[PDB]
2 protein chains.
Amino acid sequence: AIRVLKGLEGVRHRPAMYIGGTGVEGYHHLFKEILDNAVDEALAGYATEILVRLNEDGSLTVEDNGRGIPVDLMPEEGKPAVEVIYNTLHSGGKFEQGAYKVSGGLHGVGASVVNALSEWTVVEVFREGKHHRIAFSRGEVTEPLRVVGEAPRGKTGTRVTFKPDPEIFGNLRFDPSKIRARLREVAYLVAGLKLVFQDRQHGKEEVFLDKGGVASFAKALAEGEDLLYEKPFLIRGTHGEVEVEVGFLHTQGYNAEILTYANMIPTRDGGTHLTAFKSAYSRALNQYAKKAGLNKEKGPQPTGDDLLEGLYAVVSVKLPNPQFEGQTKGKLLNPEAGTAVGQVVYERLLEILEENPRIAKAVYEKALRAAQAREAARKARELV
Amino acid sequence: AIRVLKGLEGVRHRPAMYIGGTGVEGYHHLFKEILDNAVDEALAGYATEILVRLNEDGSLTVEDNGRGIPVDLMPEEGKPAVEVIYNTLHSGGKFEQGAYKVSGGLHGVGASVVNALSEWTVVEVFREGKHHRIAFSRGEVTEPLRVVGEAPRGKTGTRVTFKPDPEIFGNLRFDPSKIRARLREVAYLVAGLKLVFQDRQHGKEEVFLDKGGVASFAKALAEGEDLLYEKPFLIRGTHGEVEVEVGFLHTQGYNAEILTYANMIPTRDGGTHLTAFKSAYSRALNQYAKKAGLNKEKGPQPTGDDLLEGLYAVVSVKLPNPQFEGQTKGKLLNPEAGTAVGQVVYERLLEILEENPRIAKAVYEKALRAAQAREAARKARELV
Ligand SMILES: CO[C@@H]1[C@@H](OC(N)=O)[C@@H](O)[C@H](Oc2ccc3c(O)c(NC(=O)c4ccc(O)c(CC=C(C)C)c4)c(=O)oc3c2C)OC1(C)C
Ligand SMILES: CO[C@@H]1[C@@H](OC(N)=O)[C@@H](O)[C@H](Oc2ccc3c(O)c(NC(=O)c4ccc(O)c(CC=C(C)C)c4)c(=O)oc3c2C)OC1(C)C
């Protein structure tokens, strides 16, 4: 009643162990992974454009502006690097270091997990003047690497096309809505990165590009809401090995929304970077306020929830060796991320507040009126 | 340049991909995994007592009185079964379907990841009248399996002793509090299971056992507050392949706490079981009220969030093939769980109210107070 599953065999034996489930969520994790492989080329500074296309046959194509996955032979394995990448469960090396990378995702490079769980996979590489092609199916090579033609231009890059295996996912098909949502997210987290979504079926096409990045992301969060000031603030900075990006904006409403990210993956339960943000923001507001005489009688302006009212913000950090609560996602634990965020946002917020006095007053003013409202509801509720 | 990592080599090459990080959380996941292996025997019905002892040298011993990991040879590999389970990255088969299992552990069986990340591991098996022993170090056999004597009093079971690899975690050491916390949780989730913690480093002892299960869990969740009744309700039932257990109590206070679990692991982001719980509870509560004539007309209408004030409950389900939203689990997606919790809870709850009309209307009126209190705070705030 027992056997050893070697390599990709294990992935097909227990798919849920690699993608959580075999439903709609798991189906799209394949898309996210291949997309993140492309996004990693952008993070490294080689890709500037990424195309995601839903083909009429249900398959999905992800093409990048990158270097193109290497096709030269790996001595130890006696096979092209691109073949090894998509056929071995876990491959690594120093190539994992030297640039920020998307965190979480599928086992190892993740690409081979997608291949194992796909009826067919086609990898095309434009590199060193040629257009290469290798085809797989459920983890195995069906068509060995070969040159199918010459590369145009100075065109280099990788184009991956795959179709999740119906033997595992049933009649599931890609959902344009979900694909667009992740593309919209990425464009925001990698400002300047152009991502195009093509849905051949409906002949639709949308471009996702935003130089404003996270600041724009913050405004996007307050879509149907009256803004306190139409221009969202952007805080950029680097501390140690951590790149920090924070964007925020206020609305005259009373709802809030703070999204946090670590290496391009949502961190629902926050972590060191989120706690460092709330803290730094609080430090800055209060400090500035006193200096400028915005506080009278020493009212209860803080209390955290008061400052959160009508606050829309996005905190994003990038760091090597990220540490998560468990299973590479959820809550960021790196203390250095906390120090980076706190450091970068505190100093910069002070400046932003000083050069934008009116706005600073309105937001601090809103915090006081929020505290009072809290007080009134408390007594009222503690009356009956 | 590229390196293919075969088997356990990949675990030591990149531990965070298997345990999330190499700090305190990752360290304890090793403990959680070995404990889960023992608990699986209890879930299968062959184990009643698990001992967890923190040794003075930092190693952790986990002993269960279950069947004992088999030691016969696996012809396909030419090694005893115990060896295979602890030294191969992924082994599986029909044994995975024997019964309910703890979900979301470490890769595959999980034990081999622990072994790979420990400077040493000793596995003792009491089976078929004999006491077997086999030792490992960083994923590899150091002392092959051998019989070291008779099984004392013919007992059967597995005793695992291991020490997380200092080269991976530095000077970190198991935290008794984290251990007791998980042991307490498990005692509640598997009512009747007895777990003993011996903290030799502090000469301590402690028993975790509670036939009250999830009901007691709800009670202890509300420790500190005055209850509306000190006897927790217990709803248990099986619908399809899903076993459900829900416990709940009410306090005179205003705070609330609802914990959910799927196959022994916390689902902080809810899922089908949670949604179904509140719907079944809400339907049974509002229907009973109408039936017994409690829905007055001279006031506000009780809604969600109103009937969950001062309500402490724990919703726990066990089912085969759990489906989560990939990630770090977080949300249960199986529609069968929802129908299971709904069916089982709704009906049983209906009888609870009819059998406790006193408490029944005491709960409804409490929802009424919360309704007005909620609208009193609204008025107050809109008044600013
Ligand atoms: C799924 O494959 C991904 C890539 O995905 C995409 N879409 O381009 C990308 O995320 C990243 O791609 C890399 C990662 C590292 C190098 C990299 O180190 C290069 N540098 C070299 O000089 C080089 C040249 C030839 C060669 O055989 C190797 C080692 C082989 C590798 C990295 C597969 C390296 C290079 O030219 O391309 C690279 C590329 C395209 O990592 C992979 C391979 C897992
Ligand atoms: C890390 O080991 C764990 C176990 O932990 C402990 N402490 O018991 C436990 O969680 C579960 O333990 C099982 C799981 C299934 C069977 C099981 O199916 C049994 N039934 C047999 O008749 C049997 C007899 C000989 C044999 O080689 C095998 C299959 C081999 C196995 C389960 C490793 C099965 C049995 O005797 O013991 C079993 C045991 C002890 O699964 C493991 C092996 C991954």
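Excluded from the calculations below are hydrogen atoms, water molecules and symmetry mates; all remaining heavy atoms, backbone and side chain alike, are included. Within every chain, numbering begins at 1; the chains are lettered A, B, ... in the order of the sequence lines, protein sequences first and strands thereafter.
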Quiz item: Take atom CD in B:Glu241; do more than 12 heavy atoms of anything else shown fall under 6.0 Å from it?
Solution: no
Practice problem: Evaluate whether atom NZ of A:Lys163 has more than 12 neighbouring non-hydrogen atoms of other residues, nucleotides or ligands under 6.0 angstrom away. | Solution: yes
Self-check item: Main-chain N/O of B:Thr22 paired with A:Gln323 side-chain donor or acceptor, under 3.5 Å
Solution: yes
Quiz item: If only atom types and distance count, is the side chain of B:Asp64 paired as donor or acceptor with the main-chain N or O of B:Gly157 below 3.5 Å?
Solution: no
Exercise. Look only at the side chain of B:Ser112 and the backbone of B:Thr88, and say whether a donor-acceptor pair between them is shorter than 3.5 Å.
Key: yes
Quiz prompt | B:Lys318 and B:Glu245: CA distance, side-chain angles, deciding distance, salt bridge (charged side-chain N to carboxylate O under 4.0 Å, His left out) verdict | solution = CA-CA 9 Å; B:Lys318 292 190 287 284; B:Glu245 298 183 309; 3.7 Å; yes
Quiz item: Given B:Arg133 and B:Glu83, is the salt bridge (charged side-chain N to carboxylate O under 4.0 Å, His left out) satisfied, shown in steps?
Solution: CA-CA 10 Å; B:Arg133 174 204 170 77; B:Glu83 174 168 352; over 6 Å; no
Practice problem: Provide the closest heavy-atom pair for B:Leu30 versus B:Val114 in the form atom of the first, atom of the second, distance. | Solution: O-CG2, 3.8 Å
Practice problem: Verify the neighbour count for atom CZ of A:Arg12: are there more than 12 heavy atoms of other residues, nucleotides or ligands below 6.0 Å? | Solution: yes
Practice problem: Could you verify whether a donor N or O on one side chain and an acceptor N or O on the other, from B:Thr267 and B:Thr260, lie under 3.5 Å apart? | Solution: yes
Self-check item: Pair B:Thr161, B:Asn55: side-chain N/O donor-acceptor within cut-off below 3.5 Å
Solution: no
Quiz item: For atom CZ of A:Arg14, is the number of surrounding heavy atoms from other residues, nucleotides or ligands below 6.0 Å larger than 12?
Solution: yes
Quiz item: Is there a salt bridge (charged side-chain N to carboxylate O under 4.0 Å, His left out) between B:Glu206 and B:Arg180 once you walk through the steps?
Solution: CA-CA 9 Å; B:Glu206 156 100 76; B:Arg180 277 181 294 249; 5.3 Å; no
Exercise. Measure the CG-CD distance between B:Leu319 and B:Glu243 for me, rounded to the nearest 0.5 Å.
Key: 11.0 Å
Quiz item: Where does the angle between the aromatic ring planes of B:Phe277 and B:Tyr281 fall among parallel (under 30°), tilted (30 to 60°) and perpendicular (over 60°)?
Solution: tilted
Quiz item: For the atom pair CD1 (B:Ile179) and CZ (B:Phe197), what is the distance rounded to the nearest 0.5 Å?
Solution: 4.5 Å
Quiz item: Between the side chain of B:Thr275 and the main-chain N/O of B:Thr272, is any donor-acceptor distance below 3.5 Å?
Solution: no
Quiz prompt | Side-chain H-bond candidate by donor/acceptor type, B:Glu185 with B:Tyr261, under 3.5 Å | solution = yes
Practice problem: Considering non-hydrogen atoms only, spot the tightest contact between A:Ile85 and A:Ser91 and give its length. | Solution: CD1-OG, 3.7 Å
Quiz item: Which heavy atom in A:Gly330 sits nearest to a heavy atom in B:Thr328, and how many Å separate them?
Solution: N-OG1, 4.3 Å
Quiz item: Side chains of B:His132 and B:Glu124: is there a donor and an acceptor less than 3.5 Å apart?
Solution: no
Quiz item: With the threshold set at 4.0 Å, does a side-chain nitrogen-carboxylate oxygen contact exist between A:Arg138 and A:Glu167?
Solution: yes
Quiz item: With a cut-off of under 6.0 Å to the ring centre and 45° to the axis, is B:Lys155 in cation-pi contact with B:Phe126?
Solution: yes
Quiz item: Is the closest side-chain donor-acceptor distance between A:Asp165 and A:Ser118 under 3.5 Å?
Solution: no
Quiz item: Angle class for the A:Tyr27/A:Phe174 ring planes (parallel below 30°, perpendicular above 60°, tilted otherwise)?
Solution: perpendicular
Quiz item: Would A:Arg173 and A:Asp57 count as a salt bridge (charged side-chain N to carboxylate O under 4.0 Å, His left out) if you check the C-alpha gap in whole Å, the side-chain angles of each, and the deciding distance to 0.1 Å?
Solution: CA-CA 10 Å; A:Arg173 223 68 164 185; A:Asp57 70 357; over 6 Å; no
Self-check item: B:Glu41 side chain vs B:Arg67 backbone, donor-acceptor pair below 3.5 Å
Solution: yes
Quiz prompt | Check: A:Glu325 side chain, A:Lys331 main-chain N or O, donor-acceptor pair, under 3.5 Å | solution = yes
Quiz item: Do other residues, nucleotides or ligands put more than 12 heavy atoms under 6.0 Å from the CZ atom of B:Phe95?
Solution: yes
Quiz item: Which distance, rounded to the nearest 0.5 Å, do you find between the CD of B:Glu140 and the CG of B:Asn87?
Solution: 8.5 Å
Quiz prompt | Distance (rounded to the nearest 0.5 Å) between B:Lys219 NZ and B:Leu234 CG | solution = 13.0 Å
Self-check item: Test item: A:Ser137 side-chain N/O and A:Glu119 main-chain N/O as donor-acceptor pair under 3.5 Å
Solution: yes
Quiz item: What orientation do A:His107 and A:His90 show, parallel under 30°, tilted 30 to 60°, or perpendicular over 60°?
Solution: perpendicular
